[PDB]
Amino acid sequence: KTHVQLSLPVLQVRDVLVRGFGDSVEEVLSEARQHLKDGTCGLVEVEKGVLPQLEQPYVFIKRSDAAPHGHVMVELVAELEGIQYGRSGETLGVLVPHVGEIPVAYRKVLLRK
């Protein structure tokens, strides 16, 4: 399937134990996609002061369309030193590894895979 329905645990930035996916744009997009498939991916909602607490490169989920079965269609965009790899809509949040942190909510998304 080109799209997969996922329910992403929303994590508080200060709970996050592993604050990024790796060390290159290509690695972080690779790892994010793997964690999304394995159900080991969390979402942090971006507000003032969140991103400087996480590790670059960043992986964003961004709205790709204007929401089948409650699931917002999203795609991945990476960012490193202010350059984005991808072009998409509004940020729903930054993806991080999930290693058992307790979420505050779940975000239903349809991921372009």
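Residues numbered from 1 in each chain as written, not as in the entry; some residues may be left out. Heavy atoms only, no water. Residues with missing side-chain atoms left out of burial classes, pairs and counts.

For this coordinate set, the PDB header names X-ray crystallography as the determination method and states a resolution of 1.83 Å.

1. Comments concerning a nonpolar patch on the surface
What counts is decided by this rule: Only residues whose relative accessible area exceeds 30% and that take part in no salt bridge are eligible for patches, with like-charged residues grouped when within 9 Å of each other and nonpolar side chains (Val, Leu, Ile, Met, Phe, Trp, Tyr) grouped when within 5 Å. Methods summary: accessible areas were calculated by the Shrake-Rupley approach with a probe of 1.4 Å, and residue burial reflects only the protein chains presented. One speaks of a salt bridge when a side-chain nitrogen belonging to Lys or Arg is within 4 Å of a carboxyl oxygen belonging to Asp or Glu. The numbering of helices and of strands both runs from the N terminus, where a helix is a DSSP run of H or I of at least 4 residues and a strand a run of E of at least 2. The buried label goes to any residue with under 20% of its type's maximum accessible area, the exposed label to any with over 50%, and the partly exposed label to all in between, with areas taken from a 1.4 Å probe on protein chains only.
A cluster of nonpolar residues, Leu17, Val18 and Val99, forms a patch on the protein surface that exposes about 270 Å² of accessible area. Mapped onto the elements, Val18 comes out in the loop between β1 (3-10) and α1 (25-38). Classification of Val18 by relative accessible area gives partly exposed; the value is 35%.

2. Concerning the pairing of strand β4 (residues 72-80)
Selection rule: Strand pairing is assigned whenever DSSP identifies at least 2 bridges connecting the two strands.
Among the nine residues in β4, eight count as buried, and that is most of the element. Judged from the six bridges that link them, strand β3 (residues 58-63) and β4 form a sheet pairing that is antiparallel. Looking at the pairing, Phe60 lines up with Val77 of β4. The pairing of β4 with strand β7 (residues 105-112) spans three bridges and is parallel. Its bridge partner lying in β7, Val74 is registered against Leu111. Of the strand pairs in this sheet, β4 and strand β5 (residues 83-85) are connected by three bridges, and their pairing is antiparallel. In the strand pairing of β5, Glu79 is matched with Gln84.

3. Regarding the environment of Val72
Cut-off, in case you're wondering: Residue contacts follow a heavy-atom distance rule, with two residues in contact if any of their heavy atoms lie within 4.5 Å.
Topologically, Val72 is positioned in strand β4. Sequence spacing of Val72 and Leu111 is 39 residues, and the spatial spacing of their C-alpha atoms is 8.3 Å. Sequence-distant contacts of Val72, that is, excluding residues within four places in its chain, are made with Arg63, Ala67, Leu92, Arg107, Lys108, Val109 and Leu110.

4. Regarding the pattern of salt bridges
All told, the structure shown has one salt bridge when counted by the stated rule. Between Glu75 and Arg112 there is a salt bridge, and its shortest N-O distance comes to 3.0 Å. Taken as a pair, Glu75 in strand β4 and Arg112 in strand β7 lie far apart in primary sequence, 37 residues in all. The exposure class assigned to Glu75 is buried, which follows from its relative accessible area of 16%. On the basis of relative accessible area, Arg112 is assigned to the partly exposed category, the value being 37%.

5. Here we look at the pairing of β3
Within a regular strand, the side chains alternate between the two sheet faces. Counting buried positions along β3 gives five out of six residues, so the element sits mostly inside the fold. Across three bridges, the pairing between β3 and strand β6 (residues 91-97) is antiparallel. Across the sheet, residue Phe60 finds its bridge partner in β6, namely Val94.

6. Some points on the side chain of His98
So the rule is basically this: Contacts described as polar in this section are N or O atom pairs within 3.5 Å, which, within protein, must combine one atom able to donate a hydrogen with one able to accept it, while residues neighboring in sequence count only if both atoms come from side chains.
With respect to the helices and strands, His98 occurs in the loop between β6 and β7. A distance of 2.8 Å separates a polar atom in the side chain of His98 from the backbone oxygen of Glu101. Discounting residues that sit within four places of it in the chain, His98 has contacts with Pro9, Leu11, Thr40, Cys41 and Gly42.

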